[PDB]
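First, one chain by itself: the form deposited in one PDB entry, in structure tokens.
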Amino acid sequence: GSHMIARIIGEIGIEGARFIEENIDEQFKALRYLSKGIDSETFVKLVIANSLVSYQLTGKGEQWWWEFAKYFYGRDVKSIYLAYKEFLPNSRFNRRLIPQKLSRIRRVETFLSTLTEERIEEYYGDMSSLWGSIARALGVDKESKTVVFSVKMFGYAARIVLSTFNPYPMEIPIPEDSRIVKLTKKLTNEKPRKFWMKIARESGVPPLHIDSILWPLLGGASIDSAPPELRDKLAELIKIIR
């Protein structure tokens, strides 16, 4: 329950969350691949846009992020809106609600155009400001699952581009997708936002890093590449959440 999961999340720590992000999560592997075949500014813009349309997918989120990375590798992208207008109808894994998704990309296009490499650096040092900027450009509540998720994925892309790590702000709540919501119901009747913020504050692990611990495992990622000390902690968590 809450007490035991906060203890184990605390023992895993931001250190353990970062290991999972940078070594286990296939989505980071996909981003690393894309980073080697498109310029850094476009890479970061594309990752934010892709996050904001990563919902009502088909198949598995990890397959979608690999499709995105393999598609944009080596492409000459100008308008991100026009790139998604050509990409999404030809997608295997993102075929529903395409006009809705495209209108979201149209709305954030001006904001994305401000992401020079200098500005990307500044935002990685102040991800709370990025969080509000994305929400305001979209015209939505910042608590929205895809908005907080886009901040997480910005942090994946930015650490690759900038060769530095900054932790996600404690105040950014967990992205409430089907994996997180279904797990939360097994554990509690509390709404996931309050539940995981309490665990975050008790453990010292910000909610977006808690997401990195939980979400790959809930999709079936293997923990067997983790070093023994970490792997033993991940196994205790799996027995809790499974």
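Just so we're on the same page, rigid core means the largest C-alpha set that superposes within 1.5 Å between forms. For every residue, the number given is its place in the sequence shown, counted from 1.
Not pictured, yet referred to below: the form deposited in another entry.
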*Superposing on the rigid core, do we see a C-alpha displacement of 2 Å or more at residue 17 between the shown form and the other one?*
no
*Determine whether the C-alpha of residue 179 shifts by 2 Å or more between the shown form and the other one once the rigid core is superposed.*
yes
*Spell out whether the Cα of residue 216 moves at least 2 Å between the shown form and the other one when the two forms are superposed on their rigid core.*
yes
